[PDB]
Amino acid sequence: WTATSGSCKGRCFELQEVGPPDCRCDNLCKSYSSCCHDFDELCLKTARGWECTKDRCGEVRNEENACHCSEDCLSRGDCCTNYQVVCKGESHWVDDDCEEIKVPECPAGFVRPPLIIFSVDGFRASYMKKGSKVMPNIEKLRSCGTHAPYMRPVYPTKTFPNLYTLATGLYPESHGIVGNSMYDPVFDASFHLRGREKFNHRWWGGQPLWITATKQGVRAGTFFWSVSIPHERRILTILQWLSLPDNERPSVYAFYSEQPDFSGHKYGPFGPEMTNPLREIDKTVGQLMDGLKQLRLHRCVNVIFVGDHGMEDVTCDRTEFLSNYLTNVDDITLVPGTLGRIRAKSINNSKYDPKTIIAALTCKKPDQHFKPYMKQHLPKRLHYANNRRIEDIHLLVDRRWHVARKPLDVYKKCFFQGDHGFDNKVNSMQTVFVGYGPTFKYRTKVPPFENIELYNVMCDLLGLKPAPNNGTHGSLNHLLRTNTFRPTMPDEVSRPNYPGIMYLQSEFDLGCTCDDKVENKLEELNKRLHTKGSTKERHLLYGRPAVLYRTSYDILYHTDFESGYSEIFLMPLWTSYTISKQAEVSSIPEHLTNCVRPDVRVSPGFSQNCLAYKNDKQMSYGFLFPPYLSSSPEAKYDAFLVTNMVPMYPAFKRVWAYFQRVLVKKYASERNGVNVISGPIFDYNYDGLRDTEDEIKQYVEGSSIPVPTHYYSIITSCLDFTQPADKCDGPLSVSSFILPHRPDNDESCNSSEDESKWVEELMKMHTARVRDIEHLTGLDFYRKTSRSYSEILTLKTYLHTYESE
Ligand SMILES: *[C@@H]1O[C@H](CO)[C@@H](O[C@@H]2O[C@H](CO)[C@@H](O[C@@H]3O[C@H](CO[C@H]4O[C@H](CO)[C@@H](O)[C@H](O[C@H]5O[C@H](CO)[C@@H](O)[C@H](O)[C@@H]5O[C@H]5O[C@H](CO)[C@@H](O)[C@H](O)[C@@H]5O)[C@@H]4O)[C@@H](O)[C@H](O[C@H]4O[C@H](CO)[C@@H](O)[C@H](O)[C@@H]4O[C@H]4O[C@H](CO)[C@@H](O)[C@H](O)[C@@H]4O)[C@@H]3O)[C@H](O)[C@H]2NC(C)=O)[C@H](O)[C@H]1NC(C)=O
Ligand SMILES: O=C(c1cc(OCC2CCOCC2)nc(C2CC2)c1)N1Cc2ccc(C(=O)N3CCc4onc(O)c4C3)cc2C1
Ligand SMILES: [Ca+2]
Ligand SMILES: [Ca+2]
Ligand SMILES: [Cl-]
Ligand SMILES: [K+]
Ligand code: NA
Ligand SMILES: [Zn+2]
């Protein structure tokens, strides 16, 4: 209900929105259908356009005009943005050479540099280079400020999840906006782009920037713009707010544009029609910069130019239809398009079985353009499972394709040539970042980073303490001239034991046979010294990882590898080893094939046993330090210690063996040695965090040996590959993975072939950040390097995407 009967005189674009039924005059009143009767007349003036002309210079103010060219306009803050250019002989900002902004050059009364966030929907990363000739204003921001070559969105690469991530620093699964369309089964309510339900505050979790600001006494402009407010009026409003007195003027502002996304959907990302919306956005940027220049704020404000996601070529004809796969297609509900989410049409359907659905959708056509997952089996880098709003059944859709339920959904609705929503590592989904201002660096290019990191940086720019979020605060310090955030390494919670030889061989009854009864003081003090950690400098390059939770574990030293062995999980948390460029692969000798040896440093009671694997017909075992890479046949015995064994499904063994026997050596050749840290992950509740012991859902039959849901490896080397990994003097290079520990390879459609035709493809899909692994394990890596801690935080956030440039 609305009493649209009140007035908007002097309340135009009000910052404090009023409550029903009193009539609103804020930038969203239209979208709620609640504007006072006189809103259009007073707040959406258009008379005489958006530009001064020589005829208007020194006009008599007339309050009907959209903007002003009267002598008084600057003190009132409502000049047309081009007023000084036309009337006072100034240049457009874009025509001025850039000059380093060493300090904020702000009017007296400004307590901090204001922040303006200029967000462009669907602005694909490659537009910065491909459109540079038609976007001079943006081009000057980019070249003179700090820029990345791209910024990685979150999954799914849609509008509301990304905008809300930019606002909060949270993954979708945590902030709650997991799609542009959602069903919440707890509320029994639906969220859609279109309609009113999306305005209900129960959808929107975490704490977005404007709330963070307000709670710490920093005043915010309204972030949201009804689609009917023209861009020029959004810019003028922001400029007018910037002219307010000290106690009223906001410190943080946002401009949002629906372009180039609107046009990209109709014409495709590089359609010839796209040039004009890129020109129009650049013009809007030039109005903002000219406007700031006339207010003498162009060297005072920090400007962020950012997008939500990119845009791919997608047409009607590249639709997969589930009615080609499923006999029961009317018993499901599908959220369709560039991703798929499936649930039962009716929860009273006891015949609905997700396993048979998944099975019917798996590797059925030879170039099938989607892949079905249970949500817990999606790549852990997507962080796309821990929310009741995400359906159990997910379809990851190939770039350039759609998925739909039946043909009638896609022709009773080709219109469009563009779409987005794909996997967030897909190059077409990448978007933009530029920072320009006194707190940003000058003419600096920074590596690509994830949009989950920006909220912290926006908080640093405003002097705010960020709410808890998924950013890694300090990982983006290299973008900032000042206001950097300098954290301390987390404190180690559990200190390790360093056990010696405490158990006789006959105390063990492992059902584990080993033919190792195969016999000198030269070599005996040398093997003793390896057990006490004499090669640890070699295999533990960056220090031991710290354990950030309360537990019982032991450090175990060996010739070729070092491990942190959990007495609670009966296996290593981590195993660390260095393979040089020269290392030789050998094979497992036949006198050791099914050998597992007791580790006389670790109790039988805190050891695994072979009998449990023998009895478990589904489960087998592998090794964390690969016996294939042992340095000598004497050191090879260490690799068969029971304390280096981990539970593995035979299907996963094919992956792991190929990684260890073929890929590690290959990476050592390419990178000039590698350091490898490998271990188990337990995330049975798919929350992205280390499981406690009581969350573990599966054990090796008849034992207390828990089964990992994933295995990780972190592969580190020298960024300058002319130095070996063990004598690196400068920055590091890293690639990692979190491989799903699955009992089949249904994921890999070509898995009946040789491992050289499918394993690497699987590993690429499950590439990970170190930081992902840290959350999943409760470990902290890279504790002892030469490098600054912020540089190490940048490293830990790196994702190796395997996409071309
Ligand atoms: C990414 O960054 C974020 C932010 O840092 C990380 O998420 C945090 O994860 C924490 C651990 O999972 C979690 O802490 C829990 O908080 C519970 C109280 O939470 C409410 O209050 C906070 C603060 O205002 C608020 O943030 C929460 O918001 C969530 O829920 C609302 C719904 O109201 C959503 O709108 C919002 O989107 C958000 O949803 C997300 O998180 C929840 C979990 O909180 C998920 O369920 C959703 O899917 C979604 O992901 C809340 O409004 C508190 O109950 C927890 O405590 C339980 O467990 C501890 C063990 O330490 C125990 O001591 C407690 O007693 C309690 O146990 C009891 O409850 C159990 C469960 O019901 C029960 O089984 C037991 O028997 C006990 O009786 C816990 O402290 C924190 O909430 C979130 N924050 C956010 C914003 O998500 C995230 O982990 C990072 N991701 C990665 C990969 O690093
Ligand atoms: O003003 C905002 C806005 C802005 C916003 O900004 C959050 C900021 C962003 C920068 O960093 C700080 C947080 N957030 C939010 C909310 C998360 C809090 C909203 N709008 C208006 C508007 C109008 C229409 C639509 C829309 O339906 N489409 C256009 C884009 C698109 O692409 N494909 C498609 O189909 C569509 C269809 C979306 C918005 C977002
Ligand atoms: Ca968008
Ligand atoms: Ca977990
Ligand atoms: Cl969606
Ligand atoms: K077995
Ligand atoms: Na397969
Ligand atoms: Zn779109």
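When a residue number appears, it is its place in the shown sequence, counting from 1. These values consider heavy atoms only, across backbone and side chains, with no hydrogens, waters or symmetry-generated copies. Read the numbers this way: they start at 1 and go in the same order the structure lists the ligands and their atoms.
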Check your understanding: Which of the N/O/S atoms in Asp683 sits closest to the Ca ion (ligand 4)?
Key -> OD1
Point to revise | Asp691 atom (N/O/S) at minimal separation from the Ca ion (ligand 4) | key: OD1
Review point. Are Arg234 and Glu258 close enough for a salt bridge, meaning some N to O gap below 4.0 Å?
Key: yes
Practice item. Please state whether the separation between the Zn ion (ligand 8) and some N/O/S atom of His309 is under 2.8 Å? Key: no
Review point. How many degrees, to 10°, between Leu689 O and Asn685 OD1 as seen from the Ca ion (ligand 4)?
Key: 170°
Exercise for review: Taking both backbone and side-chain atoms into account, decide whether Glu695 has an N/O/S atom under 3.0 Å from the Ca ion (ligand 4).
Suggested key: no
Exercise for review: Could you confirm whether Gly688 has any N/O/S atom lying under 3.0 Å from the Ca ion (ligand 4)?
Suggested key: no
Exercise for review: For the residue pair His309 and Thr159, confirm or rule out a side-chain donor-acceptor distance under 3.5 Å.
Suggested key: yes
Check your understanding: Backbone N or O of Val770 within a donor-acceptor pair of the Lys796 side chain at under 3.5 Å?
Key -> no
Review point. Have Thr165 and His175 got a donor and an acceptor in their side chains that come within less than 3.5 Å?
Key: yes
Exercise for review: May I ask you to check whether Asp121 and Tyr256 show a side-chain donor-acceptor distance below 3.5 Å?
Suggested key: yes
Point to revise | Sub-6.0 Å ring centroid separation between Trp401 and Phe370 | key: no
Check your understanding: the Zn ion (ligand 8) is nearest to which N, O or S atom of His265?
Key -> NE2
Practice item. Among the N/O/S atoms of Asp687, select the one at the shortest distance from the Ca ion (ligand 4) and name it. Key: OD1
Review point. Is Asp261 close enough that one of its N/O/S atoms sits under 2.8 Å from the Zn ion (ligand 8)?
Key: yes
Exercise for review: Tell me, please, if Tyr686 has any N/O/S atom, main chain or side chain, under 3.0 Å from the Ca ion (ligand 4)?
Suggested key: no
Review point. Would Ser190 and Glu197 count as having a side-chain donor-acceptor pair, cut-off 3.5 Å?
Key: no
